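Encoded as structure tokens, the following chain is the form deposited in one PDB entry, with no partner shown.
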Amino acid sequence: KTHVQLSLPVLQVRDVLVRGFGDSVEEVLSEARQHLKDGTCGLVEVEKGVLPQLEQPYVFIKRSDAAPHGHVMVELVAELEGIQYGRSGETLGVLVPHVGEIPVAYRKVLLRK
């Protein structure tokens, strides 16, 4: 399928043990896609002081449409030194590896794969 219904665990930034997916825009987008497929991807909601606590390059999920079965349609945009790779809508949050952190909530998304 071109789209996949996921429920992403929402993590507090101070709980996150692995604070990014790797060391290049291509690697982080690759890794984010693999973890999203394996159910091992968390979401951190972006506010003042969150991004400097995470590792660049960043992977964002961004609203791609204005929500089948409650799932907001999203796509992946990466960011490194203030340049973004991709063009999409509003940020729902930044993706990180999920290694067993306790979530505060779940974000239902329909991911363009």
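When you see a residue number, it is the position in the sequence shown, counting from 1.
Chemist: In terms of residues present in the deposited sequence but not modelled, what lies between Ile83 and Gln84: none, 1 to 3, 4 to 9, or 10 or more?
Modeler: Missing residues, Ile83 to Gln84: none.
Chemist: Comparing average C-alpha B factors as deposited, tell me which of 67-75 and 33-41 sits higher.
Modeler: Higher mean C-alpha B-factor: 67-75.
Chemist: Quick one: classify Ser24 as lowest, middle or highest third of the chain based on its Cα B-factor.
Modeler: Middle third of the chain for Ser24's C-alpha B-factor.
Chemist: Lowest, middle or highest third of the chain for the C-alpha temperature factor of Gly93?
Modeler: For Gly93, the deposited C-alpha B-factor lands in the middle third.
Below, we turn to the form solved in complex with a small molecule, even though it does not appear here.
Chemist: Indicate whether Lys108 is a 4.5 Å heavy atom neighbour of the small molecule in the entry with it bound.
Modeler: Taking the distances in the entry with it bound, the answer for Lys108 is no, it never comes within 4.5 Å of the small molecule.
Chemist: How about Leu54: is it within 4.5 Å of the small molecule in the entry with it bound, going by heavy atoms?
Modeler: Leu54 lies outside the contact set for the small molecule.
Chemist: Does the small molecule come within 4.5 Å of any heavy atom of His71 in the entry with it bound?
Modeler: Although the small molecule is absent here, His71 would stay clear of it in the entry with it bound, with no heavy atoms inside 4.5 Å.
Chemist: Quick one: does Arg33 come within 4.5 Å of the small molecule in the entry with it bound, counting heavy atoms only?
Modeler: Flag for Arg33 set to yes.
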